[PDB]
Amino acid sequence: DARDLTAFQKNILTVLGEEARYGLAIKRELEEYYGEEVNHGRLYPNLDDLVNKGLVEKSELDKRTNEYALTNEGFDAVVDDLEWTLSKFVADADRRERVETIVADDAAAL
């Protein structure tokens, strides 16, 4: 089950929900989120874990470079947690309008 993942592992999945990324690209995406450095020794063992759990697939481009992508299971985990989060956040009309605005503005910036 994916609901037991650590916050750091879920954030990797969130990053890859946007698009498949090289390991180094995931690291900088996480660093922009956390506002502090993400060590190589924290990211890559957790990438390994998610690959072994069946949530991420690894494509070997070169020695010292790989691309990571969500599996179907991984995407299901991302959508499952988003649904649960929204089921609790969308608690009244004001909350509905707030999310509608977030999504619309996110779309506009694409």
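Numbers follow the displayed sequence, beginning with 1. We call the rigid core whatever largest set of C-alpha positions still superposes within 1.5 Å between the two forms.
Engineer: In 7 other deposited structures of this protein, superposed by the rigid core, which stretch departs further from the shown form in CA positions, 81-89 or 60-68?
Structural biologist: Farther from the shown form on average in 7 other deposited structures of this protein: 60-68.
Engineer: If you take the mean CA temperature factor per stretch, which one wins between 65-73 and 43-51?
Structural biologist: The recorded data point to 65-73.
Engineer: Quick one: higher average CA temperature factor, 55-63 or 29-37?
Structural biologist: Between 29-37 and 55-63, it is 55-63.
Engineer: Using the temperature factors of the C-alpha atoms in this entry, rank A7 within its chain: lowest, middle or highest third.
Structural biologist: For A7, whose C-alpha B-factor we compare with every modelled residue in the chain, the answer is the lowest third.
Engineer: Sort the modelled residues of this chain by their C-alpha B factor and say whether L16 lands in the lowest, middle or highest third.
Structural biologist: Within its chain, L16 is a lowest-third residue by C-alpha B-factor, going by the deposited values.
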